$ cat entry_38.cif   # mmCIF, C-alpha atoms (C1' of nucleotides)
data_protein
loop_
_atom_site.label_atom_id
_atom_site.label_comp_id
_atom_site.auth_asym_id
_atom_site.auth_seq_id
_atom_site.Cartn_x
_atom_site.Cartn_y
_atom_site.Cartn_z
CA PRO A 245 1.26 100.31 172.33
CA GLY A 246 -1.11 99.88 175.24
CA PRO A 247 -3.06 101.67 177.97
CA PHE A 248 -1.12 104.47 179.67
CA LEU A 249 -1.99 106.90 182.44
CA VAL A 250 -0.31 110.27 183.00
CA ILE A 251 -1.16 113.00 185.52
CA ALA A 252 -0.50 116.74 185.31
CA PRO A 253 -1.57 119.83 187.25
CA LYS A 254 -4.52 121.70 185.76
CA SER A 255 -2.28 124.40 184.30
CA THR A 256 -0.08 121.84 182.55
CA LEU A 257 -2.36 119.35 180.75
CA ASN A 258 -1.96 121.39 177.57
CA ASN A 259 1.82 121.10 177.50
CA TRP A 260 2.03 117.31 177.69
CA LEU A 261 -0.57 116.83 174.95
CA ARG A 262 1.16 119.56 172.96
CA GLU A 263 4.61 117.98 173.27
CA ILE A 264 3.40 114.44 172.56
CA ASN A 265 1.85 115.66 169.29
CA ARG A 266 5.00 117.58 168.35
CA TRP A 267 7.39 114.66 168.90
CA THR A 268 5.58 111.29 168.61
CA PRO A 269 2.27 111.89 166.77
CA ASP A 270 1.44 108.15 166.61
CA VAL A 271 0.14 107.89 170.20
CA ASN A 272 -3.55 108.23 171.10
CA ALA A 273 -3.86 110.60 174.08
CA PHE A 274 -6.71 112.70 175.46
CA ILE A 275 -7.00 115.65 177.79
CA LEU A 276 -9.67 114.07 180.01
CA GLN A 277 -11.34 117.36 180.86
CA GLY A 278 -14.90 118.61 180.94
CA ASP A 279 -18.09 118.34 182.94
CA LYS A 280 -19.81 115.32 184.48
CA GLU A 281 -21.62 114.59 181.23
CA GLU A 282 -18.69 115.84 179.13
CA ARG A 283 -16.42 113.31 180.82
CA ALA A 284 -18.97 110.54 180.27
CA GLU A 285 -18.85 110.42 176.46
CA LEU A 286 -15.10 110.11 176.88
CA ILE A 287 -15.77 107.22 179.27
CA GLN A 288 -18.08 104.98 177.26
CA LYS A 289 -17.02 105.93 173.73
CA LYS A 290 -13.21 105.98 173.74
CA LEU A 291 -12.07 105.05 177.26
CA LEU A 292 -14.49 102.12 177.43
CA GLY A 293 -13.81 101.46 173.75
CA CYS A 294 -10.06 101.03 174.41
CA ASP A 295 -9.33 103.49 171.60
CA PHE A 296 -6.33 105.20 173.17
CA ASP A 297 -2.76 104.75 174.34
CA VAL A 298 -2.26 107.44 176.99
CA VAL A 299 -4.76 109.53 178.92
CA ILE A 300 -3.95 112.97 180.33
CA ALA A 301 -5.99 113.87 183.43
CA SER A 302 -5.71 116.18 186.44
CA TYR A 303 -5.21 115.63 190.15
CA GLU A 304 -8.91 115.48 191.03
CA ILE A 305 -10.32 113.98 187.83
CA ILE A 306 -8.79 110.58 188.51
CA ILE A 307 -10.41 110.77 191.94
CA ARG A 308 -13.59 111.73 190.11
CA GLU A 309 -12.89 108.87 187.69
CA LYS A 310 -11.44 106.20 189.97
CA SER A 311 -14.20 103.67 189.33
CA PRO A 312 -14.18 103.86 185.49
CA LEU A 313 -10.37 103.60 185.59
CA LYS A 314 -9.88 100.59 187.88
CA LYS A 315 -11.36 98.22 185.29
CA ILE A 316 -8.55 99.14 182.86
CA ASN A 317 -5.19 97.70 183.86
CA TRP A 318 -2.36 100.10 183.02
CA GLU A 319 1.30 100.00 182.02
CA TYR A 320 2.65 102.99 183.95
CA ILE A 321 1.01 105.54 186.19
CA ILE A 322 3.05 108.53 185.05
CA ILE A 323 3.03 111.08 187.87
CA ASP A 324 4.37 114.55 187.07
CA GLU A 325 5.10 117.00 189.89
CA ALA A 326 4.49 114.26 192.44
CA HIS A 327 3.99 116.60 195.40
CA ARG A 328 0.46 115.72 196.48
CA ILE A 329 1.69 112.21 197.26
CA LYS A 330 3.92 113.61 200.03
CA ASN A 331 1.03 112.91 202.40
CA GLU A 332 -0.06 109.30 202.75
CA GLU A 333 -3.48 110.51 203.85
CA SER A 334 -3.70 112.84 200.86
CA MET A 335 -6.67 111.17 199.18
CA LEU A 336 -4.80 110.87 195.87
CA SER A 337 -2.47 108.35 197.53
CA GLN A 338 -5.28 105.93 198.41
CA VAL A 339 -6.70 106.18 194.90
CA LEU A 340 -3.33 105.28 193.38
CA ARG A 341 -2.50 102.28 195.55
CA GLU A 342 -5.65 100.70 194.09
CA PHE A 343 -4.81 100.68 190.38
CA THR A 344 -2.92 97.76 188.83
CA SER A 345 -0.10 98.75 186.47
CA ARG A 346 2.98 96.68 185.69
CA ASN A 347 5.25 99.68 186.28
CA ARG A 348 4.81 102.92 188.21
CA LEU A 349 6.94 105.80 186.97
CA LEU A 350 6.87 108.63 189.49
CA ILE A 351 8.26 111.96 188.27
CA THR A 352 9.13 115.23 190.02
CA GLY A 353 10.77 118.60 189.47
CA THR A 354 12.14 118.86 193.00
CA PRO A 355 13.03 116.01 195.38
CA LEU A 356 11.67 115.46 198.90
CA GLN A 357 10.80 118.74 200.61
CA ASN A 358 11.28 118.27 204.29
CA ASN A 359 11.63 114.86 205.90
CA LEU A 360 12.81 111.27 205.60
CA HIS A 361 9.25 110.29 206.47
CA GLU A 362 8.38 112.14 203.29
CA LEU A 363 11.14 110.37 201.31
CA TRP A 364 9.72 106.89 201.76
CA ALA A 365 6.26 108.38 201.32
CA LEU A 366 7.35 108.77 197.70
CA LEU A 367 9.34 105.56 198.00
CA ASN A 368 6.70 103.31 199.59
CA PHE A 369 4.32 103.57 196.62
CA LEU A 370 7.19 102.79 194.24
CA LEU A 371 7.66 99.15 195.28
CA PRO A 372 5.00 98.51 197.94
CA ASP A 373 5.30 94.74 198.29
CA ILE A 374 9.02 95.15 199.01
CA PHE A 375 8.77 97.67 201.87
CA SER A 376 5.20 97.26 203.20
CA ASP A 377 6.57 99.13 206.22
CA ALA A 378 6.30 102.71 207.46
CA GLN A 379 8.22 103.20 210.72
CA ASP A 380 10.50 100.23 210.00
CA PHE A 381 12.16 102.24 207.22
CA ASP A 382 12.40 105.31 209.46
CA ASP A 383 14.09 104.01 212.61
CA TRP A 384 16.26 101.79 210.40
CA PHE A 385 18.02 104.95 209.18
CA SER A 386 17.19 107.02 212.29
CA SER A 387 16.82 110.40 210.53
CA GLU A 388 20.34 111.22 209.29
CA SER A 389 21.64 110.19 212.72
CA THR A 390 19.60 112.90 214.43
CA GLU A 391 21.25 111.98 217.76
CA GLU A 392 24.89 111.13 216.99
CA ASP A 393 25.18 113.25 213.80
CA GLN A 394 27.54 110.66 212.37
CA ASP A 395 26.54 111.81 208.86
CA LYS A 396 28.19 108.58 207.64
CA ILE A 397 25.17 106.29 207.85
CA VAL A 398 23.71 108.67 205.26
CA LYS A 399 26.09 106.94 202.83
CA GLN A 400 23.95 103.81 203.22
CA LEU A 401 20.91 105.90 202.29
CA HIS A 402 22.79 107.24 199.27
CA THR A 403 24.17 103.86 198.19
CA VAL A 404 20.75 102.20 197.90
CA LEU A 405 19.16 105.12 196.06
CA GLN A 406 22.03 105.88 193.66
CA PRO A 407 21.48 102.67 191.63
CA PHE A 408 17.77 102.98 192.40
CA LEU A 409 17.31 106.66 191.41
CA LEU A 410 18.71 109.39 189.17
CA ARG A 411 19.47 113.07 189.71
CA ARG A 412 20.75 115.51 187.15
CA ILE A 413 21.15 119.24 187.65
CA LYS A 414 20.96 122.10 185.17
CA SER A 415 24.32 123.55 186.25
CA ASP A 416 26.21 120.40 185.24
CA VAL A 417 24.76 119.92 181.74
CA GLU A 418 23.61 123.47 181.02
CA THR A 419 21.65 123.03 177.75
CA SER A 420 21.22 126.79 178.29
CA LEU A 421 24.80 127.89 179.14
"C1'" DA B 1 -20.45 130.57 195.86
"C1'" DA B 2 -20.71 126.06 198.39
"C1'" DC B 3 -17.90 121.76 198.52
"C1'" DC B 4 -14.06 119.37 199.15
"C1'" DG B 5 -8.81 118.41 199.63
"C1'" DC B 6 -4.95 120.50 200.80
"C1'" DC B 7 -1.78 122.57 203.43
"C1'" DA B 8 1.28 123.59 207.90
"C1'" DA B 9 1.57 125.52 213.01
"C1'" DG B 10 0.32 127.59 216.94
"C1'" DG B 11 -2.84 126.79 220.63
"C1'" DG B 12 -4.65 125.35 224.26
"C1'" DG B 13 -6.80 121.15 226.13
"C1'" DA B 14 -5.22 117.11 228.14
"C1'" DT B 15 -2.16 114.59 231.75
"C1'" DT B 16 1.08 114.15 235.97
"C1'" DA B 17 3.07 115.76 240.47
"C1'" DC B 18 2.83 118.33 243.93
"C1'" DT B 19 1.40 121.57 247.97
"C1'" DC B 20 -1.51 123.72 251.14
"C1'" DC B 21 -4.61 126.32 253.44
"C1'" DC B 22 -9.43 126.45 253.87
"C1'" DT B 23 -13.25 124.37 254.88
"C1'" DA B 24 -15.00 120.74 257.68
"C1'" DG B 25 -16.18 118.77 262.41
"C1'" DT B 26 -16.31 120.05 267.06
"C1'" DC B 27 -17.13 122.98 270.81
"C1'" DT B 28 -17.87 126.77 273.64
"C1'" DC B 29 -21.08 130.37 274.32
"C1'" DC B 30 -25.28 134.43 274.12
"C1'" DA B 31 -27.97 137.74 272.01
"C1'" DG B 32 -30.55 137.94 267.87
"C1'" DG B 33 -34.54 137.04 266.18
"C1'" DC B 34 -38.85 134.82 267.07
"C1'" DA B 35 -42.75 134.10 269.76
"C1'" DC B 36 -45.77 136.79 272.61
"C1'" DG B 37 -48.92 140.73 274.41
"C1'" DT B 38 -51.30 145.48 272.72
"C1'" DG B 39 -52.77 149.95 271.08
"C1'" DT B 40 -53.61 152.84 267.17
"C1'" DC B 41 -54.09 154.13 262.65
"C1'" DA B 42 -55.19 153.93 257.84
"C1'" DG B 43 -58.02 151.31 255.20
"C1'" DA B 44 -62.83 150.32 255.36
"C1'" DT B 45 -67.47 152.22 255.53
"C1'" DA B 46 -71.25 155.13 254.43
"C1'" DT B 47 -73.19 159.65 251.98
"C1'" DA B 48 -73.38 163.55 249.23
"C1'" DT B 49 -72.08 166.34 245.54
"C1'" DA B 50 -69.47 167.31 241.17
"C1'" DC B 51 -68.63 165.76 237.13
"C1'" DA B 52 -68.03 163.04 232.93
"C1'" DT B 53 -70.29 160.98 229.70
"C1'" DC B 54 -73.49 158.45 226.95
"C1'" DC B 55 -77.95 158.56 224.71
"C1'" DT B 56 -81.05 160.27 221.62
"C1'" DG B 57 -82.89 163.22 219.24
"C1'" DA B 58 -83.36 169.25 220.09
"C1'" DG B 59 -82.12 170.88 215.87
"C1'" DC B 60 -78.99 171.82 212.01
"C1'" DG B 61 -76.39 171.11 207.87
"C1'" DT B 62 -75.57 168.66 204.07
"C1'" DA B 63 -76.18 166.12 200.34
"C1'" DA B 64 -79.33 163.53 197.54
"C1'" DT B 65 -83.01 163.52 195.10
"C1'" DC B 66 -86.96 165.11 192.39
"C1'" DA B 67 -88.77 169.14 189.98
"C1'" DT B 68 -88.49 172.39 186.60
"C1'" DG B 69 -86.99 175.28 182.93
"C1'" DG B 70 -84.46 176.37 178.90
"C1'" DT B 71 -82.27 175.26 175.07
"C1'" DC B 72 -81.00 173.03 171.09
"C1'" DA B 73 -81.89 169.60 167.62
"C1'" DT B 74 -84.50 167.78 164.27
"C1'" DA B 75 -88.50 167.31 161.53
"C1'" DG B 76 -92.18 169.10 159.08
"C1'" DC B 77 -94.28 172.51 156.25
"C1'" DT B 78 -94.46 175.63 152.81
"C1'" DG B 79 -92.58 179.11 149.68
"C1'" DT B 80 -89.35 179.86 146.16
"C1'" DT B 81 -87.00 178.81 142.13
"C1'" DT B 82 -85.90 176.70 137.97
"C1'" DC B 83 -86.91 173.67 134.42
"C1'" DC B 84 -89.77 171.31 130.84
#

$ encode --input "entry_38.cif" --output "structure tokens"
Amino acid sequence: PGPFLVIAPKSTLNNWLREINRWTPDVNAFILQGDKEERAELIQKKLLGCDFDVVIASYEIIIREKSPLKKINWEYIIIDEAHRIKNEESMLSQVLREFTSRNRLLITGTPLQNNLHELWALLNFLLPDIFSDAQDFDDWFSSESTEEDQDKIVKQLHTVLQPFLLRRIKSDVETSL
DNA sequence: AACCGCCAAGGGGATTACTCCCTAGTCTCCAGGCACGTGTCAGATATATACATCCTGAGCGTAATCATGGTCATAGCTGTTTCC
């Protein structure tokens, strides 16, 4: 049981704290909310005191709290609704390539929205030392064969990501019928 | 209610190529506009009167002030009454 970092949109920080209490009450988590002073007593007392397991913050708070969070090495950076990361220049991306966690569990509700460029934008922060490349990934696959429309080289895209990534749909396993 | 991040997409600023026709240089030409004489008029000049206007009281009005009277308040005196 160690240091954990999870991120939720402002509207959703209640739910994750609510569900963690309902299901596994043994984990120390905070909703890191409040004012500049009201975030401080969280910083020095509990966050600096290493008196927690997970920390629930918002999109901007981590940017507001980048410096007091670097000094704590993490286990995962749990990223719900990972849509702000679609842009590499979205400032949240440059604040997350700076933290040092052993694993980096990105989470989403919907997959990539528009482009292959976007796909490895999610993918490049997953295993950065492996790719370390931006346009190399792109012209390697050449955008679903945008010129020849072979639509068979897409199988190579699928074959790497199938044992590297997991999709399930509601229609298959209803759970709601 | 500013700040700051964020988000996508037209929008027009940039760049490249080209074409061309208008302005430049020359050159031929001439009358317009600038120097060059000249008279006449409208500003300058020189008084005289009409008039405005300021100045300082001629006087007049107005208020401020002192005078003056009346009136009321209070004090003093005495007459009345009651009590020993």

$ closest_atom_pairs --input "entry_38.cif" --of "chain A" --to "chain B" --cutoff "10 Å" --atoms "all atoms listed in the file" --output "Markdown table"
| residue | atom | partner | partner_atom | distance |
| --- | --- | --- | --- | --- |
| A:304 | CA | B:5 | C1' | 9.1 |
| A:328 | CA | B:6 | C1' | 8.4 |
| A:331 | CA | B:6 | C1' | 9.8 |
| A:334 | CA | B:5 | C1' | 7.7 |
| A:335 | CA | B:5 | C1' | 7.6 |
| A:336 | CA | B:5 | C1' | 9.3 |

$ atom_distance --input "entry_38.cif" --atom1 "atom CA of residue A:256" --atom2 "atom CA of residue A:420"
22.3 Å

$ axis_aligned_box --input "entry_38.cif" --around "stretch 36-47 of chain B" --padding-each-side "3 Å" --output "lines of an AutoDock Vina configuration file"
center_x = -59.5
center_y = 148.2
center_z = 263.2
size_x = 33.4
size_y = 28.9
size_z = 28.4

$ resolve_selection --input "entry_38.cif" --expression "the PyMOL selection byres ((chain A and resi 349) around 12)" --output "list in words"
residues 248, 249, 250, 251, 318, 319, 320, 321, 322, 323, 324, 325, 326, 345, 346, 347, 348, 350, 351, 352, 366, 367, 369, 370, 371 and 409 of chain A

$ resolve_selection --input "entry_38.cif" --expression "the PyMOL selection byres ((chain A and resi 339) around 10)" --output "number ranges by chain"
A: 306-307, 309-311, 314, 334-338, 340-343

$ closest_residue --input "entry_38.cif" --among "A:394, A:357, A:265, A:302" --to "residue A:253" --atoms "all atoms listed in the file"
A:302

$ atom_distance --input "entry_38.cif" --atom1 "atom CA of residue A:290" --atom2 "atom CA of residue A:270"
16.4 Å

$ atom_distance --input "entry_38.cif" --atom1 "atom CA of residue A:344" --atom2 "atom CA of residue A:316"
8.3 Å

$ resolve_selection --input "entry_38.cif" --expression "the PyMOL selection byres ((chain A and resi 277) around 10)" --output "PyMOL selection string"
chain A and resi 254+257+274-276+278-280+282-283+286+300-302+305

$ residues_around --input "entry_38.cif" --residues "residue A:379" --least-positions-apart "3" --cutoff "10 Å" --atoms "all atoms listed in the file" --output "list in words"
residues 361, 364, 382, 383, 384 and 386 of chain A
